[PDB]
Ligand SMILES: Nc1ncnc2c1ncn2[C@@H]1O[C@H](COP(=O)(O)OP(=O)(O)O)[C@@H](O)[C@H]1O
Ligand SMILES: CC(C)n1c(=O)cc(N[C@@H](C)c2ccccc2)[nH]c1=O
Ligand SMILES: [Mg+2]
């Protein structure tokens with residue numbers, strides 16, 4: 001809770017819980033989704049990068065290329081949490097990665 | 101002679117031997133009149149035909165023909181290499197770049213010639229809807 | 245005499261006369277001439293400029309040519325067997341083939357970084373239709389310098 | 390929180406012996422010399438012990 | 440879908456069930472689907488009169 005609350009208190013919304021991410025919703029539009037923040041995740045592995053959904057998208061693209069296996073990213077929560085926007089961000093991830 | 105491809109030399113020989121209409125071995129005003137009337141059109145009635153002799157008065161042989169064209173040929177190169185060079189110059193290799201890219205680069209990268217001649221040719225067509233430099237047409241308009 | 249030859253080759257390399265020489269181009273003339281030293285060492289002999297310093301401020305080639313010669317004498321150039329030792333790690337099935345996506349990933353991300361655009365140019369015209377490159381041909385392509 | 394427990398207590402990553410032996414043999418090429426015969430399991434045991 | 444070279448290749452949208460009941464009935468404090476009001480609340484009269 002307090003890892004979340006001190007992060008979100010500083011509008012650091014993303015944290016990992018081991019292998020994956022937990023996101024507590026900012027109703028404010030934070031800059032954590034700027035398309036130039038996506039590039040900072042390019043190849044930046046989970047132990048190096050600060051937690052974000054873009055880290056999970058990069059991890060799925062890395063396990064894809066290494067294991068030669070299909071991957072998935074399973075956005076979940078209550079209503080109003082950001083699943084549609086996080087989906088739009090994951091899709092934005094792959095869109096801008098292919099865009100450069 | 102080392103500057104010339106033997107193809108152009110033989111073409112100059114073919115042109116010189118066909119142009120001597122009276123088997124003269126030399127060129128005169130009357131030969132120019134028949135050449136312009138047969139090759140061109142009746143509009144060649146202007147006095148300018150007399151000015152053409154002023155450029156090279158008196159008989160001239162194939163050797164002086166070759167030397168005069170060779171000095172006049174400064175900046176000219178065989179078409180086959182120019183076709184290859186244009187195909188290499190295009191990034192797509194197929195004549196589809198816009199004029200503004202090529203005129204900016206040519207003026208920037210070397211030899212700041214006057215912009216107006218390249219601009220008049222490349223802007224002779226709108227670069228936004230017809231900017232494709234189909235280099236075969238460019239090289240042929242220069243020559244063929 | 246060889247330094248004078250390198251100087252005229254650099255004058256023919258330079259992109260425009262307005263470039264008295266940018267450190268970006270200093271690295272590019274290093275890489276394009278018959279040398280390819282690791283950047284941290286040459287930046288060390290220059291004096292380790294900051295990234296904004298290296299981008300904004302200018303350099304003079306005159307002093308660059310002696311250090312160019314010195315690093316050429318250091319000869320941090322690899323070797324064909326060393327390259328095969330390096331690239332063979334990717335030959336996971338041991339048949340002489342490596343996957344181009346793996347090469348772009350490590351060559352862009354892991355060492356001296358290159359954007360996806362220049363690594364694409366790096367593989368443009370030689371990448372296989374299935375996507376598996378044969379390392380002996382790739383090392384030979386590198387050997388073409 | 391269970392996903393934290395299982396990620397800390399468990400083993401988040403596993404690699405096939407052939408894929409990793411070939412991939413990271415680079416850590417100690419004397420443990421996995423080329424040309425010479427090496428078992429992936431036994432080689433992996435030596436490398437990791439090294 | 441990604442190709443072998445890792446570049447974006449294709450995508451596939453599968454949708455499971457639209458809340459069709461909403462089209463004709465909404466409780467207090469909730470809208471019908473946004474397409475309805477955004478065509479009614481309109482900057483473009485042509486959509487409103489067509
Ligand atoms: N991380 C976030 N940043 C900015 N706005 C958010 C975030 N998460 C949720 N919201 C806002 O909350 C509302 C719901 O977001 P949405 O992605 O549609 O989730 P859901 O589909 O569960 O309603 C939207 O108005 C959205 O702008
Ligand atoms: C079985 C599963 C949990 N798993 C692993 O346990 C390890 C995976 N991949 C390894 C090979 C890897 C490590 C680092 C970067 C890319 C890939 N993939 C996986 O899918
Ligand atoms: Mg005559």
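Chains as they are written, first to last, in the working numbering: chain A, 1 to 100; chain B, 101 to 244; chain C, 245 to 389; chain D, 390 to 439; chain E, 440 to 489. The C-beta atom is built at its ideal place from N, Cα and C for all residues, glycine as well.
Check	Outcome
Would you say the beta carbon of residue 66 (chain A) comes nearer than 7 Å to a heavy atom of ligand 2?	yes
Along chain E, which residues have their Cβ under 9 Å away from the Cβ of residue 65 (chain A)?	441 and 445
Could one say the Cβ of residue 392 (chain D) lies closer than 8 Å to chain A's Cβ atoms, at least one of them?	yes
Should residue 371 (chain C) be labelled buried (16 or more other beta-carbon atoms within 10 Å of its own) or exposed?	buried
Give a single yes or no on whether residue 124 (chain B) has its beta carbon closer than 7 Å to a heavy atom of ligand 3.	yes
Grab me the residues of residue 152 (chain B)'s own chain with a C-beta within less than 7 Å of its C-beta, minus the 5 sequence neighbours each way, in chain order.	132
For residue 62 (chain A), verify whether its CB is less than 7 Å away from any heavy atom of ligand 2.	yes
So what does residue 342 (chain C) bridge to, in DSSP terms?	C:377
Closer than 7 Å to a non-hydrogen atom of ligand 1 - does that hold for the CB of residue 129 (chain A)?	The structure shown does not extend to residue 129 (chain A), since chain A is modelled only from 1 through 100, so no value can be given for it.
Can you name the start and end residues of the alpha helix (DSSP H) that residue 235 (chain B) belongs to?	235-242
Ligand 2 and residue 404 (chain D): does any heavy atom of the ligand fall closer than 7 Å to the residue's C-beta?	yes
In chain C, what lies closer than 8 Å to residue 414 (chain D) by C-beta?	333
Can you list, in chain order, the residues of the stretch 318-348 of chain C whose Cβ is nearer than 7 Å to any Cβ on chain A?	345 and 346
First and last residue of the alpha helix (DSSP H) that includes residue 396 (chain D)?	391-398
Considering residue 22 (chain A), what are the terminal residues of the beta strand (DSSP E) in which it resides?	21-23
What residues from chain A crowd round residue 361 (chain C), counting only those whose CB sits closer than 8 Å?	100
Listed from N- to C-terminal order along the chain, which residues in the stretch 13-29 of chain A have their beta-carbon within a distance smaller than 8 Å of any beta-carbon of chain D?	17, 18, 19 and 20
Residue 15 (chain A) lies in the beta strand (DSSP E); which residues open and close that run?	14-16
Looking at ligand 3, does it come within less than 7 Å of residue 128 (chain B), judged from the CB to the closest heavy atom?	yes
How should residue 174 (chain B) be labelled, buried or exposed, when 16 other C-beta atoms within 10 angstroms of its C-beta is the threshold for buried?	exposed
I'd like the list of long-range same chain contacts for residue 311 (chain C), defined as Cβ closer than 6 Å, with 5 residues on each side in sequence excluded.	289
Report back the beta-carbon spacing between residue 235 (chain B) and residue 186 (chain B) to the nearest angstrom; my notes put them in contact at under 8 Å.	4 Å
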